[PDB]
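What follows is one structure encoded as structure tokens, with my remarks underneath.
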Amino acid sequence: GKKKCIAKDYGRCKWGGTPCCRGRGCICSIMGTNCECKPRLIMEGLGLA
């Protein structure tokens, strides 16, 4: 029961810190502070990246 990851589910997430059970889309702003967990993957479309 999330007892192996986090409870935030989405939003504040850090690959090197606060894990992200659901939504691996953990990206931060240019400054690297607005690290939010999004459900969307790396592909900003279909499979171009």
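Every chain in the structure tokens has a letter given in the order shown (A, B, ...), and although residue numbers restart at 1 in each chain, ligands are simply numbered from 1 in the order shown.
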
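Surrounding region 26-39 of chain A within 10 Å are residues 8, 9, 10, 11, 12, 13, 14, 15, 19, 20, 21 and 22 of chain A, with only C-alpha atoms counted and residues fewer than 4 positions along the same chain left out.
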
Keeping only N, CA, C and O atoms, write the selected residues to a file as a PDB file, in the first residue's frame.
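After the write, part.pdb holds the following:
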ATOM      1  N   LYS A   8       2.393  10.765  -2.293  1.00  0.00           N
ATOM      2  CA  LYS A   8       2.072  11.969  -3.053  1.00  0.00           C
ATOM      3  C   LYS A   8       1.353  11.607  -4.347  1.00  0.00           C
ATOM      4  O   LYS A   8       0.597  12.410  -4.896  1.00  0.00           O
ATOM      5  N   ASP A   9       1.596  10.395  -4.827  1.00  0.00           N
ATOM      6  CA  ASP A   9       0.972   9.926  -6.058  1.00  0.00           C
ATOM      7  C   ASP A   9       1.508  10.704  -7.258  1.00  0.00           C
ATOM      8  O   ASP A   9       2.191  10.145  -8.117  1.00  0.00           O
ATOM      9  N   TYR A  10       1.194  11.993  -7.307  1.00  0.00           N
ATOM     10  CA  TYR A  10       1.651  12.839  -8.404  1.00  0.00           C
ATOM     11  C   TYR A  10       2.133  14.186  -7.872  1.00  0.00           C
ATOM     12  O   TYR A  10       1.815  14.567  -6.744  1.00  0.00           O
ATOM     13  N   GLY A  11       2.899  14.902  -8.688  1.00  0.00           N
ATOM     14  CA  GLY A  11       3.415  16.206  -8.285  1.00  0.00           C
ATOM     15  C   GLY A  11       4.858  16.100  -7.798  1.00  0.00           C
ATOM     16  O   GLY A  11       5.683  15.427  -8.416  1.00  0.00           O
ATOM     17  N   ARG A  12       5.154  16.772  -6.689  1.00  0.00           N
ATOM     18  CA  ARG A  12       6.501  16.753  -6.126  1.00  0.00           C
ATOM     19  C   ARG A  12       7.114  15.359  -6.232  1.00  0.00           C
ATOM     20  O   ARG A  12       6.679  14.428  -5.556  1.00  0.00           O
ATOM     21  N   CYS A  13       8.128  15.224  -7.081  1.00  0.00           N
ATOM     22  CA  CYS A  13       8.794  13.939  -7.262  1.00  0.00           C
ATOM     23  C   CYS A  13      10.273  14.137  -7.570  1.00  0.00           C
ATOM     24  O   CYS A  13      10.661  15.131  -8.184  1.00  0.00           O
ATOM     25  N   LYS A  14      11.095  13.186  -7.141  1.00  0.00           N
ATOM     26  CA  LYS A  14      12.531  13.268  -7.382  1.00  0.00           C
ATOM     27  C   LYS A  14      13.115  11.879  -7.615  1.00  0.00           C
ATOM     28  O   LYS A  14      13.037  11.008  -6.748  1.00  0.00           O
ATOM     29  N   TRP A  15      13.699  11.679  -8.790  1.00  0.00           N
ATOM     30  CA  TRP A  15      14.295  10.391  -9.127  1.00  0.00           C
ATOM     31  C   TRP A  15      15.373  10.021  -8.117  1.00  0.00           C
ATOM     32  O   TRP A  15      15.557   8.850  -7.786  1.00  0.00           O
ATOM     33  N   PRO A  19      10.565   9.255  -4.208  1.00  0.00           N
ATOM     34  CA  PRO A  19      10.157   8.404  -5.365  1.00  0.00           C
ATOM     35  C   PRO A  19       8.850   8.873  -6.002  1.00  0.00           C
ATOM     36  O   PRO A  19       8.339   9.948  -5.683  1.00  0.00           O
ATOM     37  N   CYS A  20       8.319   8.054  -6.905  1.00  0.00           N
ATOM     38  CA  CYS A  20       7.073   8.377  -7.592  1.00  0.00           C
ATOM     39  C   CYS A  20       6.366   7.098  -8.029  1.00  0.00           C
ATOM     40  O   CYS A  20       6.463   6.688  -9.185  1.00  0.00           O
ATOM     41  N   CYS A  21       5.656   6.469  -7.093  1.00  0.00           N
ATOM     42  CA  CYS A  21       4.939   5.231  -7.395  1.00  0.00           C
ATOM     43  C   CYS A  21       4.289   5.308  -8.774  1.00  0.00           C
ATOM     44  O   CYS A  21       4.692   4.602  -9.699  1.00  0.00           O
ATOM     45  N   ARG A  22       3.285   6.169  -8.905  1.00  0.00           N
ATOM     46  CA  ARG A  22       2.589   6.329 -10.178  1.00  0.00           C
ATOM     47  C   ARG A  22       3.026   7.619 -10.865  1.00  0.00           C
ATOM     48  O   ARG A  22       3.219   8.647 -10.215  1.00  0.00           O
TER      49      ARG A  22
END

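Here the residues within chain A that DSSP labels strand (DSSP E) on the basis of the backbone are residues 11, 12, 25, 26, 27, 36, 37 and 38 of chain A.
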
Written selection (N, CA, C and O atoms) as a compact mmCIF listing (two decimals), in the first residue's frame:
# COMPACT_ATOMS: atom_id res chain seq x y z
N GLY A 11 2.90 14.90 -8.69
CA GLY A 11 3.42 16.21 -8.28
C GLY A 11 4.86 16.10 -7.80
O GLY A 11 5.68 15.43 -8.42
N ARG A 12 5.15 16.77 -6.69
CA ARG A 12 6.50 16.75 -6.13
C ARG A 12 7.11 15.36 -6.23
O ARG A 12 6.68 14.43 -5.56
N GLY A 25 6.78 10.42 -15.04
CA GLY A 25 7.08 11.67 -15.73
C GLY A 25 7.52 12.74 -14.75
O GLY A 25 6.82 13.74 -14.55
N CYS A 26 8.68 12.54 -14.14
CA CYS A 26 9.20 13.51 -13.18
C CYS A 26 10.20 14.45 -13.85
O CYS A 26 11.35 14.09 -14.07
N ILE A 27 9.73 15.65 -14.18
CA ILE A 27 10.58 16.64 -14.84
C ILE A 27 10.60 17.93 -14.03
O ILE A 27 9.63 18.25 -13.34
N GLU A 36 7.86 18.01 -10.85
CA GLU A 36 6.51 17.47 -10.71
C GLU A 36 6.37 16.14 -11.43
O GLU A 36 6.96 15.94 -12.50
N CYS A 37 5.59 15.24 -10.85
CA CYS A 37 5.36 13.92 -11.46
C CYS A 37 4.14 13.95 -12.35
O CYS A 37 3.02 14.19 -11.89
N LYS A 38 4.35 13.70 -13.65
CA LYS A 38 3.25 13.70 -14.61
C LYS A 38 3.04 12.28 -15.16
O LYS A 38 3.99 11.51 -15.28

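We find CA of residue 47 (chain A) and CA of residue 16 (chain A) to be spaced 26.1 Å apart.
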